[PDB]
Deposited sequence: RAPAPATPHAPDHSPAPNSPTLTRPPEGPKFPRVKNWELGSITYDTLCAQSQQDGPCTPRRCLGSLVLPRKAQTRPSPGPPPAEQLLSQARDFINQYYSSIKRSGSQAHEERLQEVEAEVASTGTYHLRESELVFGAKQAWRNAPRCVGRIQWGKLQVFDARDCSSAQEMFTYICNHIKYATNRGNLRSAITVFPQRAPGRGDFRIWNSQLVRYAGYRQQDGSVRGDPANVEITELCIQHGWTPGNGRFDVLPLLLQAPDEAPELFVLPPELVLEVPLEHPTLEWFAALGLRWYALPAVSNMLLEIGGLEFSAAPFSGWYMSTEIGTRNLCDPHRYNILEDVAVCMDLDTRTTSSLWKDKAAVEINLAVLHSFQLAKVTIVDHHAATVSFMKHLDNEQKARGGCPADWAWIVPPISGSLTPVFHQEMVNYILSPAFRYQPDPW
């Protein structure tokens, strides 16, 4: 065997070796003494140039002009520009390539079979919070496409020396309010308590429902963030019903169609895009298992079990598992009926297996975070449970970044 990690699939009995991991330039949180792979948050001058050069080489490889005159001219360009200004700027096609590659590189995304199919909106001309809003609105209109969802990213101006960042304060473009009660409970999404109160502090008149869509708090360089309300016609939502349990519709549950992450930093060739929201479509377990059944999210498991007349007084009745299955089915059924793209965890994980094969041949490996890739219900019923995975950081990358406040 080679001195690259051996990766086994225990269902099929097949073996690969990950050589791509050698391309990692960035350390994760593990050491030989202890593994820290389960942590959610594993917390320039010449440094910039080498990252730039590496990225420029990656671009030229992908267009098969590596070593070419154009490749060598671009490198000189980059270093000349960095030499006189301290930074440099990407060509358009380099940005598109870098954005797809960041997605391709994202170890926590099971959706990566789709990585080559990404609409990249270039918004590097944006000069105000108002224009960020127009751009985001367009993104949302394009991406939503009346239920026939399309993966997209909008990229706003890069971080600059001593000038303020573009930031979207919201963690997603669509978030339901979380209202802290006098009794200490939360109405709405407890995930969004903090962003909800920031919105109120910045002048938003709050509602009082379980599903109030929040305004966007948008920040242009060195300015207070500005508040913007999404026209409700832009925000496609799906009311939830169950295919045979008629009373499920009476619960008044719903979810929005477009999962759009807005708090991550896109890093390309050492350049930092602090606002670069991206969207795809949901895997149904995200809604039906996590968002709805997490004890610290909507926490509806008991309510549903009571309605199904399950024995919630003992763990061994498996009342949680039964209720969770029906909530997931309701989500799938309801998105289907509504004609809103969604993928269940079996279809998603099967397609991620194909992705791993594609990447083994294309690049000799695929960075993957097992804990995230394996769905939160029915784990070993999906092929990825049985697949060993190697996790490592490649660039271009999406990274977590601190909250702006």
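No C-alpha positions are given for the deposited-sequence stretches 1 to 27, 71 to 81.
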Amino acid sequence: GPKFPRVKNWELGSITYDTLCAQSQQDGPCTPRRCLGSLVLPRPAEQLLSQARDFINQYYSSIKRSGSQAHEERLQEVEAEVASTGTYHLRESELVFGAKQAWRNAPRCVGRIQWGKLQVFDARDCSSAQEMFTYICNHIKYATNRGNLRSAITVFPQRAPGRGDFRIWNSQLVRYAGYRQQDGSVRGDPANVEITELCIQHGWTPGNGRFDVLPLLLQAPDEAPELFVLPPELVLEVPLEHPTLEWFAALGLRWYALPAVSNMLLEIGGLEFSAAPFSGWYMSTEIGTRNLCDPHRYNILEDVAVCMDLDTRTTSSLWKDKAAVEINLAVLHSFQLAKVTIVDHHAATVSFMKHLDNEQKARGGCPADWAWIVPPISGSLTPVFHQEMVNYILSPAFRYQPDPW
From here on, numbers count along this sequence of modelled residues.
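In this text, the rigid core denotes the largest set of C-alpha atoms whose superposition between the two forms falls within 1.5 Å.
With each structure aligned by its rigid core, the stretch whose Cα atoms sit farther from this model in 9 other deposited structures of this protein, between 309 to 317 and 67 to 75, is 67 to 75.
Two stretches, 98 to 106 and 160 to 168, are weighed by how far their CA atoms sit from the shown form in 9 other deposited structures of this protein after rigid core superposition; the farther one is 160 to 168. As the entry records it, the average C-alpha temperature factor is higher for 66 to 74, out of 66 to 74 and 355 to 363. Of the two stretches examined, 56 to 64 and 367 to 375, the record assigns the greater average C-alpha temperature factor to 56 to 64. Per the deposited coordinates, the residue with the largest Cα temperature factor out of 189, 321, 286, 197 is 197. You'll see in the entry that, of 290, 202, 104, 150, the Cα B factor peaks at 202. When all modelled residues of the chain are sorted by CA temperature factor, residue 82 is found within the highest third. In this PDB entry, the Cα temperature factor of residue 273 sits in the middle third of its chain's modelled residues.
In the deposited entry, the Cα temperature factor of residue 24 sits in the top third of values across the chain's modelled residues.
Annotation for residue 89: CA B-factor lies in the highest third of the chain's modelled residues. Per the deposited record, the Cα B-factor of residue 314 falls in the highest third when ranked against the other modelled residues of its chain.
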